[PDB]
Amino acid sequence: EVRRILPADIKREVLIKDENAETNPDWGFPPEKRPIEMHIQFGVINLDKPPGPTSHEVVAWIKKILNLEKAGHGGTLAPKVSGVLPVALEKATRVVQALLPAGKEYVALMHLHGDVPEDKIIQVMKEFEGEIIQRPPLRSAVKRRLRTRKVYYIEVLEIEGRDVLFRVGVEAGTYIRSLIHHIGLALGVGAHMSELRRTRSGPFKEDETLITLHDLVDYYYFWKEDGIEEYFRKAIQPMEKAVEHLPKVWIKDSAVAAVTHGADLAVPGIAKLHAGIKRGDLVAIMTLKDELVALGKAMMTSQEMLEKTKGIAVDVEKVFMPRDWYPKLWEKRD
């Protein structure tokens, strides 16, 4: 069924804090149901970067052509590398953060500097599956710890003589020329990187959603000139996508405005949350309409976030949602 599952993948259970809590449809804007302009305002482009230009030029171009005021990308690719590169727009740019720690998946062509029997190649390839060393130690720095890097899988699809084609899943900042070169050394003959192309960046996949500069630009003009949304619409993802992999907590409509005005989020405002949350880690706070509000770091274990009733549970750090959308509802009595 599968050999390709990363830490981002693992499906995390919803635990319900208040059974009854419910969202008034009138306030806010559910992602895939918000006006084209606002959809752009808070959206992310899953772009298929071409080889040639640097990761930012591409961005720069998009900004220019779409007449945006701001854009930016998370995780830069070398100009020769193509593939999945998410481009965040306008009010959404900061989301990018989320993606940096997130797992990567690639397709790579390995050229060899010498003929190794095929049978033994897919064997030395194997042993590079799991906890791998990514920098040598004993310096002046008499250390604790060490530089382990995680490689989730190595899959060899094809191998003609000196060229080797393989797919691979990797942890955050695994340098990829660096890996081939090392297996190169290890086989002896020596190797390098013919091509490379990113098939995954966290929630971002090479799928029905992945768009080239060409269709992008073009769908844009279809909207601007012919007045046709759907095509250009289906090109922009919501920002809520940039967090699909993260731990989330869902909060009563009452709580939102406080947070949008930069209040930290306290236990009585949580409707439901993800299991397995631990202390001080990035979390995304969502309205019951599954729209994002802010990012913070967990102050409590999810495992008990629900058992407690008062106190704070997320130092809110980044306000995405506008203050506008939700009324001020802390106009209480005592």
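Note that residue numbering begins at 1 and tracks the sequence as displayed.
In this entry, 147-155 shows the higher mean Cα temperature factor of the pair 219-227 and 147-155. The PDB entry reports B-factors from which the mean C-alpha value can be compared for 195-203 and 131-139; the larger average falls on 131-139. Per the PDB record, 96 has a higher Cα B-factor than any other of 256, 211, 263, 96. Among the modelled residues of the chain, residue 232 sits in the lowest third by CA temperature factor in this PDB entry. When the modelled residues of the chain are ordered by C-alpha B-factor, residue 67 sits in the middle third.
In the deposited entry, the Cα temperature factor of residue 10 places it in the highest third of its chain's modelled residues. When the CA B factors of the chain's modelled residues are split into thirds, the value for residue 52 lands in the lowest one. Split the chain's modelled residues into thirds by C-alpha temperature factor. Residue 37 is in the middle one.
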